[PDB]
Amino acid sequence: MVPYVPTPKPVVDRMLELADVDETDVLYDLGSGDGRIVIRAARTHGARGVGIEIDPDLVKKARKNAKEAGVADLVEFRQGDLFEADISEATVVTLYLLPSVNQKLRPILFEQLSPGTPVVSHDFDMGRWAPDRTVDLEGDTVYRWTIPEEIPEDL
């Protein structure tokens, strides 16, 4: 079970840089919490955003946060389980979940996401799926992968 403890805002900024997020992107944050990843993607980079979040109290907070930030026209939140969500329109995916949850999610990412889609994770890796980047911050790690044209036979 993934607790609500958010990614610090400076770490969020580094995640968005690492994925080269820009105004043409549609960023999906899977387990979106207070909405900070999608809100900062919209405010800083002009990207459209979708946050998927299971807890209705956090969906409510995130919607309020987006309105207060002046980015409600760019950002949408959906109440639901991320393992059941349609994420195929994502051009970038961001994650701060758990090691076991990342492992369960991996095949869904391969099923739904277009080749070339960046995936960025705070702190937790994807097992034998090797990252393209690993950024060491003071007390946090950020990984990036790019969805390949062919899934490695190992995976």
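Note that residue numbering follows the sequence shown and begins at 1.
- In this crystal structure, the stretch out of 11-19 and 139-147 whose C-alpha atoms carry the higher mean B factor is 139-147.
- Two stretches are in play, 83-91 and 116-124, and the higher mean C-alpha B-factor belongs to 83-91.
- Reading the B-factor column for the CA atoms of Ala130, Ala42, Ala62, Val50 in the entry, the top value corresponds to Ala130.
- Per the PDB record, residue ranking by Cα B-factor puts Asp55 in the middle third of the chain.
- Per the PDB record, residue ranking by Cα B-factor puts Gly70 in the highest third of the chain.
- When the modelled residues of the chain are ordered by their C-alpha B factor, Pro99 lands in the middle third.
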